[PDB]
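Structure first, then comments.
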Amino acid sequence: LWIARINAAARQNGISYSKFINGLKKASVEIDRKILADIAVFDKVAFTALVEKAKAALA
Amino acid sequence: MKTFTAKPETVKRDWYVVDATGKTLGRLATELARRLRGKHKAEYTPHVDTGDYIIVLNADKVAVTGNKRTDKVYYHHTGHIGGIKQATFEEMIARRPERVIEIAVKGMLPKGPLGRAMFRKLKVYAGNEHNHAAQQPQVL
Amino acid sequence: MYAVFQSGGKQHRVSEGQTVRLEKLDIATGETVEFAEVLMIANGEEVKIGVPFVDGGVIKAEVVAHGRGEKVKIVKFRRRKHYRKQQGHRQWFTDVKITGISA
RNA sequence: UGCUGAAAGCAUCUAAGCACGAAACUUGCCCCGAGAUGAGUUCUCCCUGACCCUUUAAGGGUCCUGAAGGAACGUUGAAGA
RNA sequence: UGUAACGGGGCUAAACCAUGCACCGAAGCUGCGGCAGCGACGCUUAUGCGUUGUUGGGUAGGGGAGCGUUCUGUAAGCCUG
RNA sequence: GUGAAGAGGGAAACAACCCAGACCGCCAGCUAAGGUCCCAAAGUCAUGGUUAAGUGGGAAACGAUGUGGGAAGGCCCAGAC
RNA sequence: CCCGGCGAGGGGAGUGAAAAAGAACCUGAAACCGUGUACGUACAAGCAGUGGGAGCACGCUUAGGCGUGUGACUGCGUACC
């Protein structure tokens, strides 16, 4: 239910939650995505840029 | 200060015209259930009490691809264990949308719990742009 | 202000809540110790560049104010199933939260 | 039961493709059927005067020469548990 | 005597094998409370509070401890129409 | 290997039989073997083959112009099918 | 005084502190029942559940997460000795 707002729209853009996490968890500062990422079901129009961060390395 | 989603009855029913009919069917008939619970609408109540409405289009083109389709019997024997028996195979039965080869939910909510009242909500007609027996507000 | 606190309370991430934590090993019913344990509390979660994450520490701190967890709340099961019959046994523990978020 | 014809210039219903086929499975055959509440409908037919209470789409509640009508209405009966 | 060998349903690769890799994930060791035994410490000492080690399922046995419908007493003593 | 006066997460639901493993709580983390598209709650992942049969949860005494990988060999363009 | 069957029982009167002391005489619960405030509700499985909670007869709050139980959804499980 929580992690749906980190796949339900991202899978289309290709950003599939567990294969995007072997990407995320290369950074030793980001680990606690498991619940707190729930902000995505209403922060949408500004959450939509958090993928751009490192896209030319992370992608 | 609760995180769960009661009731919800029903918020998200996704009025999608299942162009998947035949062409890739055995890849998404297996997922009609995980649709009516999830993979997009998983955002709400991804296990309990909800409702759903895809927009059906055809029936007898189940596709299914393999030696199965021409000796796999369907049985029911609905009375006193039936006695005398029934054996018409999956492409020869699929010639009618009926009770076991058309719904997929019969295979996927299999005891009846979660499924116990919203049985016909998908319409269970078939017939394309000759007969749209479904929704009048704009489908998808 | 936003608890950056985790230890057995990490739901408390919110500005208020009011959300529970532990009641620790020692003196935990004196109201306050008046100092603040943290300063890396948030940045993005209150400014015009949002992220769900702790990239800064915006000059606000969290007070040490354990409160008054005194009146012994509901906790305690027993034991049966085969002859595993106990009806006392259950040494006490509980949860609490911080006094009032003045910031 | 063979058709053209190869696998393997042979031989050949089969391998691609063809065509019929019998208590059989299928079928508006016999016989009840959504009482299959998945709860869909056709056809033929029938009822449209005035208002009230507020926690309002929830209603709950009135008051129309009384209309054609209905089970009791007197014996019963063809079914009479 | 209803097809009844993954629980289903048989998925032409989702698979089988081989190389990578991230989530799920009993009670399972972690957050962090609480603490019955047997030991070791700071020291106290009638003896104990916390630290530190081993570790906390418990019908045959020995150890060791809690409370009562009231009888026999604390007690013309304090309590009650 | 601690079995019932042990209760149920192993290996199929063969409470005993692998063996250390549950006191007691959480809207707090997750360890192993099973898997991991599913009724089921995470990649239709990236990097390398084989298989094109429904193979996979039915083998033994044999067979067999269906093919697959490897390395040595036999006949051969003064002409081996 | 009143009522019916020139009856039973009641409804007030009243000796009474009392008729929950009324002559089927004990200041008084246990097996089972009659009408009601609300339910779940004539598609039922699986010791009739504690959960996790949606809003319902009702009763608080200048709003403030509740003081109430049949228990839509369904999760867990087989309470014995």
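In the structure tokens, chains take the letters A, B, ... in the order shown, each chain's residues start at 1, and ligands count up from 1 in the order shown.
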Practice prompt. List the neighbours of residue 53 in chain C out to 10 Å using only C-alpha atoms (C1' of nucleotides); skip same-chain residues closer than 6 positions along the sequence, and give me the result as a PyMOL selection string.
Written response: (chain A and resi 29-30+32-33+36-37) or (chain C and resi 4+42-45)
Practice prompt. Restrict the distance test to only C-alpha atoms, flag each residue of chain C within 12 Å of chain A, and return the flagged residues as a ChimeraX atom specification.
Written response: /C:6,10-14,45,48-55
Fill in: Polymer residues at most 9 Å from residue 79 in chain C, only C-alpha atoms (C1' of nucleotides), same-chain spacing of 4 or more positions, as number ranges by chain
C: 84-89
Could you save the residues just selected, with C-alpha atoms, as a short mmCIF file (atom, residue, chain, number, x, y, z; two decimals), in the first residue's frame?
data_model
loop_
_atom_site.label_atom_id
_atom_site.label_comp_id
_atom_site.auth_asym_id
_atom_site.auth_seq_id
_atom_site.Cartn_x
_atom_site.Cartn_y
_atom_site.Cartn_z
CA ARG C 84 1.69 -23.81 29.88
CA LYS C 85 -0.74 -22.22 32.41
CA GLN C 86 0.50 -18.88 33.80
CA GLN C 87 -1.86 -16.02 35.04
CA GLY C 88 0.80 -13.66 36.48
CA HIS C 89 4.32 -13.69 35.06
#
Discussion item. If we count only C-alpha atoms (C1' of nucleotides) and set the cut-off at 10 Å, which residues sit around range 42-54 of chain D, ignoring sequence neighbours fewer than 5 positions away in its own chain? Please answer as a ChimeraX atom specification.
Written reply: /D:60-64
Next, the residues of the selection above should be written as a PDB file, in the first residue's frame with N, CA, C and O atoms (P, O5', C5', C4', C3', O3' and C1' of nucleotides).
ATOM      1  P     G D  60     -37.483   6.794   4.457  1.00  0.00           P
ATOM      2  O5'   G D  60     -38.509   7.342   5.598  1.00  0.00           O
ATOM      3  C5'   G D  60     -38.134   7.529   6.956  1.00  0.00           C
ATOM      4  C4'   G D  60     -38.935   8.628   7.627  1.00  0.00           C
ATOM      5  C3'   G D  60     -40.433   8.609   7.427  1.00  0.00           C
ATOM      6  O3'   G D  60     -41.058   7.569   8.133  1.00  0.00           O
ATOM      7  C1'   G D  60     -39.648  10.806   7.363  1.00  0.00           C
ATOM      8  P     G D  61     -42.432   7.189   7.798  1.00  0.00           P
ATOM      9  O5'   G D  61     -43.437   8.413   7.816  1.00  0.00           O
ATOM     10  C5'   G D  61     -43.738   9.187   9.007  1.00  0.00           C
ATOM     11  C4'   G D  61     -44.453  10.538   8.807  1.00  0.00           C
ATOM     12  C3'   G D  61     -45.691  10.305   7.987  1.00  0.00           C
ATOM     13  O3'   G D  61     -46.656   9.503   8.685  1.00  0.00           O
ATOM     14  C1'   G D  61     -44.719  12.466   7.617  1.00  0.00           C
ATOM     15  P     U D  62     -48.060   9.150   7.948  1.00  0.00           P
ATOM     16  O5'   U D  62     -48.846  10.560   8.161  1.00  0.00           O
ATOM     17  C5'   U D  62     -49.844  10.953   7.236  1.00  0.00           C
ATOM     18  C4'   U D  62     -50.156  12.438   7.376  1.00  0.00           C
ATOM     19  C3'   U D  62     -51.482  12.847   6.718  1.00  0.00           C
ATOM     20  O3'   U D  62     -52.585  12.725   7.625  1.00  0.00           O
ATOM     21  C1'   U D  62     -49.721  14.184   5.883  1.00  0.00           C
ATOM     22  P     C D  63     -53.718  11.620   7.391  1.00  0.00           P
ATOM     23  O5'   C D  63     -54.712  12.403   6.460  1.00  0.00           O
ATOM     24  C5'   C D  63     -55.446  13.563   6.875  1.00  0.00           C
ATOM     25  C4'   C D  63     -55.654  14.564   5.712  1.00  0.00           C
ATOM     26  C3'   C D  63     -56.294  13.880   4.504  1.00  0.00           C
ATOM     27  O3'   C D  63     -57.701  13.560   4.628  1.00  0.00           O
ATOM     28  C1'   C D  63     -54.515  15.402   3.824  1.00  0.00           C
ATOM     29  P     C D  64     -58.429  12.603   3.624  1.00  0.00           P
ATOM     30  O5'   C D  64     -58.716  13.465   2.269  1.00  0.00           O
ATOM     31  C5'   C D  64     -58.944  12.819   1.000  1.00  0.00           C
ATOM     32  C4'   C D  64     -59.137  13.695  -0.197  1.00  0.00           C
ATOM     33  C3'   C D  64     -59.777  12.865  -1.305  1.00  0.00           C
ATOM     34  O3'   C D  64     -61.182  12.917  -1.096  1.00  0.00           O
ATOM     35  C1'   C D  64     -57.971  14.385  -2.018  1.00  0.00           C
TER      36        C D  64
END
Return as a PDB file with N, CA and C atoms, in the first residue's frame the residues belonging to chain C that are within 9 Å of chain F, counting only C-alpha atoms (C1' of nucleotides).
ATOM      1  N   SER C   7      15.195   5.678  17.044  1.00  0.00           N
ATOM      2  CA  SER C   7      15.257   4.493  17.942  1.00  0.00           C
ATOM      3  C   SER C   7      13.908   4.016  18.591  1.00  0.00           C
ATOM      4  N   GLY C   8      13.198   3.028  18.021  1.00  0.00           N
ATOM      5  CA  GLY C   8      11.874   2.515  18.486  1.00  0.00           C
ATOM      6  C   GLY C   8      10.701   3.493  18.492  1.00  0.00           C
ATOM      7  N   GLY C   9      10.854   4.587  17.734  1.00  0.00           N
ATOM      8  CA  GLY C   9       9.903   5.654  17.419  1.00  0.00           C
ATOM      9  C   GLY C   9       9.935   6.278  15.998  1.00  0.00           C
ATOM     10  N   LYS C  10      10.590   5.736  14.965  1.00  0.00           N
ATOM     11  CA  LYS C  10      10.849   6.355  13.641  1.00  0.00           C
ATOM     12  C   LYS C  10       9.656   6.827  12.800  1.00  0.00           C
ATOM     13  N   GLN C  11       8.448   6.433  13.173  1.00  0.00           N
ATOM     14  CA  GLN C  11       7.199   7.077  12.719  1.00  0.00           C
ATOM     15  C   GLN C  11       7.065   8.554  13.139  1.00  0.00           C
ATOM     16  N   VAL C  75      -1.068  -3.385  28.698  1.00  0.00           N
ATOM     17  CA  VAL C  75       0.050  -4.103  28.014  1.00  0.00           C
ATOM     18  C   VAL C  75      -0.110  -5.669  28.010  1.00  0.00           C
ATOM     19  N   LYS C  76      -0.620  -6.300  29.095  1.00  0.00           N
ATOM     20  CA  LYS C  76      -0.110  -7.631  29.575  1.00  0.00           C
ATOM     21  C   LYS C  76      -0.906  -8.920  29.295  1.00  0.00           C
ATOM     22  N   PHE C  77      -0.461  -9.710  28.316  1.00  0.00           N
ATOM     23  CA  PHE C  77      -1.023 -11.045  28.111  1.00  0.00           C
ATOM     24  C   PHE C  77      -0.547 -12.039  29.194  1.00  0.00           C
ATOM     25  N   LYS C  81      -2.306 -23.001  26.481  1.00  0.00           N
ATOM     26  CA  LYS C  81      -1.961 -23.902  25.340  1.00  0.00           C
ATOM     27  C   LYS C  81      -1.027 -25.108  25.704  1.00  0.00           C
ATOM     28  N   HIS C  82      -1.562 -26.338  25.743  1.00  0.00           N
ATOM     29  CA  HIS C  82      -1.125 -27.415  26.654  1.00  0.00           C
ATOM     30  C   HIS C  82      -1.066 -26.910  28.133  1.00  0.00           C
ATOM     31  N   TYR C  83      -0.234 -27.461  29.015  1.00  0.00           N
ATOM     32  CA  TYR C  83      -0.232 -27.147  30.460  1.00  0.00           C
ATOM     33  C   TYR C  83       0.668 -25.959  30.812  1.00  0.00           C
ATOM     34  N   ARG C  84       0.945 -25.080  29.821  1.00  0.00           N
ATOM     35  CA  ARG C  84       1.694 -23.813  29.877  1.00  0.00           C
ATOM     36  C   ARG C  84       0.933 -22.696  30.575  1.00  0.00           C
ATOM     37  N   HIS C  89       3.096 -13.576  35.839  1.00  0.00           N
ATOM     38  CA  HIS C  89       4.323 -13.688  35.055  1.00  0.00           C
ATOM     39  C   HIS C  89       4.908 -12.430  34.400  1.00  0.00           C
ATOM     40  N   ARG C  90       4.089 -11.539  33.809  1.00  0.00           N
ATOM     41  CA  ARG C  90       4.483 -10.565  32.769  1.00  0.00           C
ATOM     42  C   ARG C  90       5.064  -9.256  33.333  1.00  0.00           C
ATOM     43  N   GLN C  91       6.359  -9.281  33.611  1.00  0.00           N
ATOM     44  CA  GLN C  91       7.160  -8.108  33.946  1.00  0.00           C
ATOM     45  C   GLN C  91       6.909  -6.925  32.993  1.00  0.00           C
ATOM     46  N   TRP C  92       6.639  -5.777  33.583  1.00  0.00           N
ATOM     47  CA  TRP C  92       6.172  -4.586  32.884  1.00  0.00           C
ATOM     48  C   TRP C  92       7.207  -3.928  31.938  1.00  0.00           C
ATOM     49  N   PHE C  93       6.746  -3.388  30.809  1.00  0.00           N
ATOM     50  CA  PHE C  93       7.350  -2.282  30.027  1.00  0.00           C
ATOM     51  C   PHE C  93       6.223  -1.409  29.375  1.00  0.00           C
ATOM     52  N   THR C  94       6.546  -0.294  28.692  1.00  0.00           N
ATOM     53  CA  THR C  94       5.579   0.607  27.989  1.00  0.00           C
ATOM     54  C   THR C  94       6.230   1.520  26.943  1.00  0.00           C
TER      55      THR C  94
END
Residues within 12 Å of residue 25 in chain A, only C-alpha atoms (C1' of nucleotides), excluding chain neighbours under 6 positions, as a PDB file with C-alpha atoms (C1' of nucleotides), in the first residue's frame:
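Final output, result_31.pdb:
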ATOM      1  CA  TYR A  17      11.115  -0.243  -7.322  1.00  0.00           C
ATOM      2  CA  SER A  18      13.581  -3.196  -6.671  1.00  0.00           C
ATOM      3  CA  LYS A  19      15.873  -2.782  -9.758  1.00  0.00           C
ATOM      4  CA  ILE A  31      18.603   3.614   2.781  1.00  0.00           C
ATOM      5  CA  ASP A  32      15.148   4.268   4.409  1.00  0.00           C
ATOM      6  CA  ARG A  33      12.926   4.383   1.209  1.00  0.00           C
ATOM      7  CA  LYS A  34      10.802   1.472   2.718  1.00  0.00           C
ATOM      8  CA  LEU A  58      22.276   6.469 -12.004  1.00  0.00           C
TER       9      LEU A  58
ATOM     10  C1'   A E  22      17.323  -6.052  -4.851  1.00  0.00           C
ATOM     11  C1'   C E  23      13.120  -6.420  -2.347  1.00  0.00           C
TER      12        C E  23
END
Worksheet item: For chain G, which residues have at least one atom within 12 Å of chain C, if we go by only C-alpha atoms (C1' of nucleotides)? Write them as a VMD selection string, please.
Response: chain G and resid 79 to 81
Would you output that residue set with C-alpha atoms (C1' of nucleotides), as a PDB file, in the first residue's frame?
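Now in result_19.pdb:
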ATOM      1  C1'   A G  79      -9.703 -24.501  23.299  1.00  0.00           C
ATOM      2  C1'   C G  80     -10.088 -29.711  25.806  1.00  0.00           C
ATOM      3  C1'   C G  81      -7.062 -33.374  28.484  1.00  0.00           C
TER       4        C G  81
END
Worksheet item: Looking at only C-alpha atoms, which of C:74, C:5, C:19, C:57 is the one that sits closest to chain B?
Response: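 For chain B, the nearest of the given residues is C:19.
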Once you count only C-alpha atoms (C1' of nucleotides), what closest atom pair and distance in Å to one decimal does each residue of chain B within 7 Å of chain D have, with rows by chain and rising residue number, as JSON lines?
{"residue": "B:87", "atom": "CA", "partner": "D:25", "partner_atom": "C1'", "distance": 5.9}
{"residue": "B:88", "atom": "CA", "partner": "D:25", "partner_atom": "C1'", "distance": 5.8}
{"residue": "B:119", "atom": "CA", "partner": "D:38", "partner_atom": "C1'", "distance": 5.3}
{"residue": "B:120", "atom": "CA", "partner": "D:38", "partner_atom": "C1'", "distance": 4.7}
Item to complete: Using only C-alpha atoms, find which residues of chain A lie within 6 Å of chain B and jot them down as a list in words.
Response: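 Here is what falls inside 6 Å: residues 1, 4 and 8 of chain A.
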Practice prompt. Identify every residue of chain B that has at least one atom within 9 Å of any atom of chain G, counting only C-alpha atoms (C1' of nucleotides), and report the result as a ChimeraX atom specification.
Written response: /B:1,4,6-8,48-50,113-114,116
Residues from last step as file, N, CA and C atoms, as a PDB file, in the first residue's frame:
ATOM      1  N   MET B   1      -4.571   9.349  11.993  1.00  0.00           N
ATOM      2  CA  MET B   1      -3.359   8.765  12.557  1.00  0.00           C
ATOM      3  C   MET B   1      -3.273   7.254  12.337  1.00  0.00           C
ATOM      4  N   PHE B   4      -4.214   2.710   7.169  1.00  0.00           N
ATOM      5  CA  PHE B   4      -5.072   1.886   6.290  1.00  0.00           C
ATOM      6  C   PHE B   4      -6.344   2.619   5.743  1.00  0.00           C
ATOM      7  N   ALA B   6      -9.967   1.870   5.025  1.00  0.00           N
ATOM      8  CA  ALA B   6     -11.401   1.584   5.106  1.00  0.00           C
ATOM      9  C   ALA B   6     -12.338   2.697   4.596  1.00  0.00           C
ATOM     10  N   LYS B   7     -13.349   2.388   3.786  1.00  0.00           N
ATOM     11  CA  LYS B   7     -13.810   1.064   3.406  1.00  0.00           C
ATOM     12  C   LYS B   7     -12.961   0.298   2.390  1.00  0.00           C
ATOM     13  N   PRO B   8     -12.722   0.718   1.135  1.00  0.00           N
ATOM     14  CA  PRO B   8     -12.910   2.060   0.604  1.00  0.00           C
ATOM     15  C   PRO B   8     -14.215   2.283  -0.180  1.00  0.00           C
ATOM     16  N   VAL B  48      -8.597  -6.122  -0.037  1.00  0.00           N
ATOM     17  CA  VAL B  48      -9.920  -6.120   0.679  1.00  0.00           C
ATOM     18  C   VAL B  48     -11.065  -5.333   0.008  1.00  0.00           C
ATOM     19  N   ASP B  49     -12.272  -5.908   0.118  1.00  0.00           N
ATOM     20  CA  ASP B  49     -13.636  -5.375  -0.080  1.00  0.00           C
ATOM     21  C   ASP B  49     -13.952  -4.552  -1.379  1.00  0.00           C
ATOM     22  N   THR B  50     -12.987  -4.245  -2.233  1.00  0.00           N
ATOM     23  CA  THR B  50     -13.142  -3.257  -3.344  1.00  0.00           C
ATOM     24  C   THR B  50     -13.902  -3.792  -4.582  1.00  0.00           C
ATOM     25  N   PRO B 113     -14.074 -15.881  -1.231  1.00  0.00           N
ATOM     26  CA  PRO B 113     -13.721 -14.703  -0.468  1.00  0.00           C
ATOM     27  C   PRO B 113     -13.013 -13.643  -1.315  1.00  0.00           C
ATOM     28  N   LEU B 114     -13.150 -12.376  -0.916  1.00  0.00           N
ATOM     29  CA  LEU B 114     -13.054 -11.148  -1.764  1.00  0.00           C
ATOM     30  C   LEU B 114     -14.084 -11.073  -2.947  1.00  0.00           C
ATOM     31  N   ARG B 116     -17.241 -12.406  -3.259  1.00  0.00           N
ATOM     32  CA  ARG B 116     -18.568 -13.017  -2.944  1.00  0.00           C
ATOM     33  C   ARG B 116     -19.854 -12.221  -3.360  1.00  0.00           C
TER      34      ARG B 116
END
Listing only residues of chain B within 8 Å of chain E, what is the closest atom pair and its distance in Å (to one decimal) for each, using only C-alpha atoms (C1' of nucleotides), sorted by chain and residue number ascending, as a Markdown table?
| residue | atom | partner | partner_atom | distance |
| --- | --- | --- | --- | --- |
| B:26 | CA | E:11 | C1' | 8.0 |
| B:65 | CA | E:12 | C1' | 7.8 |
| B:66 | CA | E:12 | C1' | 7.8 |
| B:68 | CA | E:10 | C1' | 7.6 |
| B:73 | CA | E:3 | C1' | 7.2 |
| B:74 | CA | E:3 | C1' | 8.0 |
| B:75 | CA | E:3 | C1' | 7.2 |
| B:76 | CA | E:2 | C1' | 7.4 |
| B:77 | CA | E:2 | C1' | 6.1 |
| B:81 | CA | E:2 | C1' | 5.0 |
| B:82 | CA | E:2 | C1' | 6.8 |
| B:83 | CA | E:2 | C1' | 8.0 |
| B:107 | CA | E:9 | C1' | 6.4 |
Worksheet item: How many Å separate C1' of residue 39 in chain F from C1' of residue 41 in chain G?
Response: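 Pair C1' of residue 39 in chain F / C1' of residue 41 in chain G returns 29.2 Å.
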Find the residues of chain E that sit at most 7 Å from chain C; for each, write down the nearest two atoms and how far apart they are in Å, to one decimal. Count only C-alpha atoms (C1' of nucleotides). Sort by chain, then by number going up, and give it as a Markdown table.
| residue | atom | partner | partner_atom | distance |
| --- | --- | --- | --- | --- |
| E:31 | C1' | C:8 | CA | 5.6 |
| E:32 | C1' | C:22 | CA | 6.2 |
| E:33 | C1' | C:93 | CA | 5.1 |
| E:34 | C1' | C:93 | CA | 5.1 |
How would the residues just chosen look if you wrote them out with N, CA and C atoms (P, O5', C5', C4', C3', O3' and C1' of nucleotides) as a PDB file, in the first residue's frame?
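Result file is out.pdb:
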ATOM      1  P     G E  31      19.867  -3.989  20.078  1.00  0.00           P
ATOM      2  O5'   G E  31      18.846  -2.878  19.540  1.00  0.00           O
ATOM      3  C5'   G E  31      19.237  -1.924  18.589  1.00  0.00           C
ATOM      4  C4'   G E  31      17.957  -1.193  18.119  1.00  0.00           C
ATOM      5  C3'   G E  31      17.341  -0.257  19.165  1.00  0.00           C
ATOM      6  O3'   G E  31      17.859   1.046  19.075  1.00  0.00           O
ATOM      7  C1'   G E  31      15.632  -1.632  18.282  1.00  0.00           C
ATOM      8  P     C E  32      18.708   1.748  20.217  1.00  0.00           P
ATOM      9  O5'   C E  32      17.705   2.017  21.456  1.00  0.00           O
ATOM     10  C5'   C E  32      17.635   1.067  22.494  1.00  0.00           C
ATOM     11  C4'   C E  32      16.240   1.028  23.111  1.00  0.00           C
ATOM     12  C3'   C E  32      16.315   0.548  24.546  1.00  0.00           C
ATOM     13  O3'   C E  32      16.738   1.650  25.315  1.00  0.00           O
ATOM     14  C1'   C E  32      14.409  -0.358  23.322  1.00  0.00           C
ATOM     15  P     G E  33      16.904   1.564  26.884  1.00  0.00           P
ATOM     16  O5'   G E  33      15.390   1.290  27.437  1.00  0.00           O
ATOM     17  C5'   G E  33      15.081   0.169  28.247  1.00  0.00           C
ATOM     18  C4'   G E  33      13.569   0.001  28.261  1.00  0.00           C
ATOM     19  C3'   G E  33      13.018  -0.355  29.615  1.00  0.00           C
ATOM     20  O3'   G E  33      13.252   0.783  30.427  1.00  0.00           O
ATOM     21  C1'   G E  33      11.804  -1.229  27.764  1.00  0.00           C
ATOM     22  P     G E  34      13.099   0.737  32.006  1.00  0.00           P
ATOM     23  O5'   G E  34      11.992  -0.355  32.303  1.00  0.00           O
ATOM     24  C5'   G E  34      12.253  -1.431  33.147  1.00  0.00           C
ATOM     25  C4'   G E  34      11.352  -2.631  32.888  1.00  0.00           C
ATOM     26  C3'   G E  34      11.584  -3.661  34.020  1.00  0.00           C
ATOM     27  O3'   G E  34      10.873  -3.410  35.280  1.00  0.00           O
ATOM     28  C1'   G E  34      11.475  -4.662  31.849  1.00  0.00           C
TER      29        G E  34
END
Mind running chain F against chain A at 10 Å and telling me each contacting residue's nearest atom pair with the distance in Å (one decimal), counting only C-alpha atoms (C1' of nucleotides), chain and number ascending, as a Markdown table?
| residue | atom | partner | partner_atom | distance |
| --- | --- | --- | --- | --- |
| F:41 | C1' | A:1 | CA | 8.7 |
| F:42 | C1' | A:18 | CA | 6.6 |
| F:43 | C1' | A:19 | CA | 5.0 |
| F:45 | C1' | A:19 | CA | 6.2 |
Could those residues be written to a file, using C-alpha atoms (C1' of nucleotides), as a PDB file, in the first residue's frame?
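Saved as out_39.pdb:
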ATOM      1  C1'   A F  41       2.023  -8.469   0.024  1.00  0.00           C
ATOM      2  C1'   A F  42       8.851  -6.845  -3.946  1.00  0.00           C
ATOM      3  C1'   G F  43      13.152  -6.810 -11.003  1.00  0.00           C
ATOM      4  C1'   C F  45      15.659  -7.264 -14.007  1.00  0.00           C
TER       5        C F  45
END
Discussion item. Select, as a PyMOL selection string, those residues of chain B with any atom no more than 8 Å from chain F (distances computed using only C-alpha atoms (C1' of nucleotides)).
Written reply: chain B and resi 2-3+30-31+66-68+108-110
Please write the residues from the selection above to a file, keeping C-alpha atoms, as a PDB file, in the first residue's frame.
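The new file part.pdb reads:
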ATOM      1  CA  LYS B   2      -4.232   5.374  10.960  1.00  0.00           C
ATOM      2  CA  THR B   3      -2.488   4.444   7.700  1.00  0.00           C
ATOM      3  CA  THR B  30      -3.316 -14.453 -15.095  1.00  0.00           C
ATOM      4  CA  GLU B  31      -3.269 -10.745 -13.892  1.00  0.00           C
ATOM      5  CA  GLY B  66      -0.321 -25.101 -26.577  1.00  0.00           C
ATOM      6  CA  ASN B  67      -1.405 -28.761 -26.674  1.00  0.00           C
ATOM      7  CA  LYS B  68      -3.618 -27.937 -23.560  1.00  0.00           C
ATOM      8  CA  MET B 108      -7.832 -16.295  -9.189  1.00  0.00           C
ATOM      9  CA  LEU B 109     -10.211 -15.600  -6.221  1.00  0.00           C
ATOM     10  CA  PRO B 110     -10.767 -19.320  -6.107  1.00  0.00           C
TER      11      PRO B 110
END
Practice prompt. As a VMD selection string, list the residues of range 4-87 of chain C assigned to helix (DSSP H, G or I) by DSSP on the backbone atoms of this structure.
Written response: chain C and resid 10 to 13 44 to 46
Worksheet item: Can you tell me, as an NGL selection string, what residues are no more than 10 Å from range 30-34 of chain F when counting only C-alpha atoms (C1' of nucleotides), ignoring any on the same chain fewer than 5 positions away?
Response: (:E and (24-25 or 28-30)) or (:F and (10-11))
Discussion item. Report, in Å with one decimal, the straight-line distance from CA of residue 38 in chain C to CA of residue 15 in chain C.
Written reply: 14.7 Å
